[PDB]
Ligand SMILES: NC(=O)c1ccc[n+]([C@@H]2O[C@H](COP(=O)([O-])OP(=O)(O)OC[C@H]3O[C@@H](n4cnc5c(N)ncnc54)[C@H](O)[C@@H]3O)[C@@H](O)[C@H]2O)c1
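Next up: just one chain, as structure tokens, the form solved without nicotinamide-adenine-dinucleotide (NAD).
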């Protein structure tokens, strides 16, 4: 019953808090970080207990490497958490197409194609454990206001991933998402720290508590998806 999770976007923000939270909950954890300074940050805390890969989620071999080192260290993979993401800083549709086009390629490369890449790399091992995927979506998957059109459209595509993959991969593999927002002015009156938004990830990964949850997006946004 020893469970193993692999987390992209793990070197900062919600991803770093997920590493802490799944470690605290008993999981073995591997982590994909952008750079060596983030790797040292995890090493100062967990010493050698993690498998850490330093690389770019946009490279598929980096994703294959993360799974390969996970299985080689811990033997199997139970949950893959696709989380690395990037903002568009409210890029307006009026801008020069040269800027729109390059920003689109990066936003969609990281926020959407990387998830396909990470899940393709993780799938053969998730089938042997009948494991699960948890993707990071956004308030921008549901409402306008928190990004430009490129970002909001990339976060909607992730919602389509959840429903399509959950359906294709059931009954064997559960696929879900978490839609955080307003973190680090909401109806709840505060911005949350990344530590406050981790619990939905743990429920959706849990083999006991989430055994019957697939196709589901859990919003955790202070009510931003509602009104302002």
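Numbering follows the first chain given and starts at 1.
Deposited sequence between residue 184 and residue 185: 10 or more residues lack coordinates.
The PDB entry reports B-factors from which the mean C-alpha value can be compared for 96 to 104 and 129 to 137; the larger average falls on 96 to 104. In this entry, 33 to 41 has the higher mean Cα B-factor, the comparison being between 197 to 205 and 33 to 41.
Out of 216, 21, 219, 12, it is 12 whose C-alpha atom has the highest B-factor in the PDB entry. As recorded in the entry, 188 carries the highest CA temperature factor of 173, 188, 162, 28.
The PDB entry assigns residue 148 a C-alpha temperature factor belonging to the middle third of its chain's modelled residues. In the PDB entry, a CA B factor belonging to the middle third of its chain's modelled residues is recorded for residue 61.
Among all modelled residues in its chain, residue 85 ranks in the highest third by Cα B-factor. Per-chain ranking of the deposited C-alpha B factor places residue 91 in the highest third.
Among all modelled residues in its chain, residue 52 ranks in the middle third by Cα B-factor.
Although not depicted, the form deposited with nicotinamide-adenine-dinucleotide (NAD) bound is the subject of the following passage.
Within 4.5 Å of some heavy atom of nicotinamide-adenine-dinucleotide (NAD) in the bound PDB entry lies at least one heavy atom of residue 182.
Not displayed here, nicotinamide-adenine-dinucleotide (NAD) is kept clear of residue 122 by more than 4.5 Å at the level of heavy atoms in the bound PDB entry. In the bound PDB entry, nicotinamide-adenine-dinucleotide (NAD) lies within 4.5 Å of some heavy atom of residue 58. Among residues of the shown chain, residue 206 is not one whose heavy atoms approach nicotinamide-adenine-dinucleotide (NAD) to within 4.5 Å in the bound PDB entry.
Comparing 95 to 103, 70 to 78, 124 to 132, 137 to 145 against nicotinamide-adenine-dinucleotide (NAD) in the bound PDB entry, the single stretch with non-hydrogen atoms within 4.5 angstroms of it is 137 to 145. When contacts are defined as a non-hydrogen atom within 4.5 Å, all of 15, 110 and 115 contact nicotinamide-adenine-dinucleotide (NAD) in the bound PDB entry. For the stretch 146 to 161, the set of residues having any non-hydrogen atom within 4.5 angstroms of nicotinamide-adenine-dinucleotide (NAD) in the bound PDB entry comprises 151, 155, in sequence order.
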